[PDB]
There are 2 protein chains.
Amino acid sequence: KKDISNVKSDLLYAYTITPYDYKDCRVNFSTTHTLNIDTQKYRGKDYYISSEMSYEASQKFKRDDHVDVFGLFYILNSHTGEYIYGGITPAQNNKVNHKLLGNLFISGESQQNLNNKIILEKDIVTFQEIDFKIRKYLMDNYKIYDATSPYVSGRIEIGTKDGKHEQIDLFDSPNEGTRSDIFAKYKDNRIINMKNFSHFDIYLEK
Amino acid sequence: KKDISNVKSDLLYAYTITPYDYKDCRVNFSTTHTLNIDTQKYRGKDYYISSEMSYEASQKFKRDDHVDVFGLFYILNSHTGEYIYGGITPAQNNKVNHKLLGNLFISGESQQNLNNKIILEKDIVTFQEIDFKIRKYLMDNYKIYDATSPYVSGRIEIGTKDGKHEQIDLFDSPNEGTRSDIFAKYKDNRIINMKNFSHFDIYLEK
């Protein structure tokens, strides 16, 4: 397997990044595996976002649909395009604010309360957006990916109102551990409806 | 299976098209499944070709390589991009002319000589380019895809100097029979070196 210090290294680099956050963009057209979205209003002439997704995900969107974008690039220096995986939801029409409830469980420590630290402004959100914001919070506040951090494993659990949980591994660097490898998981464009969202639980093992 | 008149219908439409033929273009960058190539000198500002290929094929090309393009689009009305499958070879440096030798075998007729009808100007060529030129010749001269054509099956056989043959089905319309379906086969970017090329044989069954 891959050694923990390499994993952290990969992730520190990969997630130290500025996400693309564009609201209400029109889908120009679909390709075999991607959606080409108009971001000219934000980035200038001829600019577009190229979102690679699974077939099932893509079929939910068609030419001219209005969409919101939240994704992390896996390529740099790419002309008029910005390349990401998934990160697409139907455009949010009315303004909205969701203050998330959450808890932090660090090995051998007492539960920490993280309520209201993370706020979302969409009713329908991608796991990619949720994942990123939480990781960033953890990186910023707990330096989870620093070489000297004591964490050796951990995950995020998204809890829904039916009592179920969705897990997201926090220390996984597949294949060569490049952004393309690490962000590939977002290609399913998994989304969650805030109305079903309960709270999140983070587990870090020392 | 698919009925023959539908197949011909699909192919008539699909192959009635003007190919993109651009020489000496620079590769801008690679994505997970495509190559983004600079065609600004031919199509204008910000224009590019996007060539989708198999992993193995793509790895043969890197940023800044000079390449020649010969491909058929599978998408229309796509902004500053032109989308195709494969169709990429290392740029041809010196001028060249290859007059191909070939034969036509139509069921119950005598062999027809097709020598020198098809000419190539590259030493290294894609099957896509070879396939297209021959099909077009057949469409133009034998109307193989017309509803009233008598052909019910057939193929092209590319013969190499070692005595081997590569077959290309002339009447295959997979899946929904869209250009995306029919041209997907070109994604392997299969190429042939003219020095190994012997002649081609076409078989049409009535």
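In case you missed it, the structure is sitting above this.
(A) Layout of the overall build of chain A. Helix and strand content of chain A: 5 helices and 15 strands. The C-alpha atoms of chain A give 17 Å as radius of gyration, which agrees with the globular expectation for 206 residues (17 Å, within 12%). On the principal axes, the C-alpha backbone points of chain A span a range of 50 × 35 × 30 Å. Partitioning the intrachain contacts of chain A with sequence separation of at least 6 by distance along the chain shows that 68% fall at a separation of at least 24.

(B) Spatial organisation of the interface of chain A and chain B. On the side of chain B, 22 residues touch chain A, which itself brings 22 residues to the contact. At the boundary of chain A with chain B, total buried surface from both sides reaches about 1,500 Å², with 51% on carbon and sulfur atoms. On the chain A side of the interface with chain B, the three residues burying the most area are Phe29, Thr32 and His79 of chain A, jointly 27% of the side's total. On inspection of chain A and its partner chain B, the count reaches 0 salt bridges. The tally of links from chain A across to chain B stands at 12 residue pairs in polar contact.

(C) Quick look at the sheet that holds strand β12 (residues 153–160) of chain A. Residue and element names in this part refer to chain A. Taken in spatial order, the 5 strands of this open sheet run β9-β8-β15-β12-β13, and their pairing is mixed. Two strands close off the open sheet at either side, each with one partner strand: β9 (112–113) and β13 (165–169). Here 5 bridges tie strand β8 (residues 102–106) to strand β15 (residues 197–205), and the two strands are oriented parallel to one another. Paired with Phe105 across the bridge in β15 is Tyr203. Most of the contacts of helix α4 (residues 127–142) go to β13, to which it runs at about 55 degrees, and overall it touches β8, β9, β12, β13 and β15.

(D) Examining the sheet that holds strand β5 (residues 81–85) of chain B more closely. All names here are of chain B. In space, the 6 strands of this open sheet follow the order β5-β3-β2-β1-β4-β6, with mixed pairing throughout. The open sheet is flanked by β5 and β6 (88–90), the only strands paired with a single partner. When strand polarity is set aside, the average angle formed by the axes of neighbouring strands in this sheet is 40 degrees.

(E) Representation of the relation of the copies chain A and chain B in the model. Superposition record for chain A on chain B: RMSD 0.0 Å, screw rotation 180 degrees, translation along axis 0.0 Å. Read as a symmetry element, the transformation amounts to a two-fold axis. Relative to the rotation axis, the closest C-alpha in chain A is found at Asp46 of chain A, a distance of 3.7 Å. Here 100% of the contact residues of chain A are again contact residues in chain B; the copies associate through an equivalent surface.

Calculation rules
- Residues numbered from 1 in each chain as written, not as in the entry; some residues may be left out.
- Chains lettered and ligands numbered in written order.
- Heavy atoms only, no water.
- Residues with missing side-chain atoms left out of burial classes, pairs and counts.
- Helix = DSSP H or I, 4+ residues; strand = E, 2+ residues; numbered from the N terminus.
- Rg over C-alpha atoms; globule rule 2.2 N^0.38 Å.
- Contact = heavy atoms within 4.5 Å.
- Buried area = accessible area lost by both parts, 1.4 Å probe.
- Salt bridge = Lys/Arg side-chain N within 4 Å of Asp/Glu carboxyl O.
- Polar contact = N/O pair within 3.5 Å; in protein donor to acceptor, adjacent residues only side chain to side chain.
- Pairing = 2+ DSSP bridges.
- Axes fitted to C-alpha atoms, helices over the stretch in contact; angles between N-to-C directions.
- Least-squares fit on C-alpha atoms.

These figures capture arrangement, not role.
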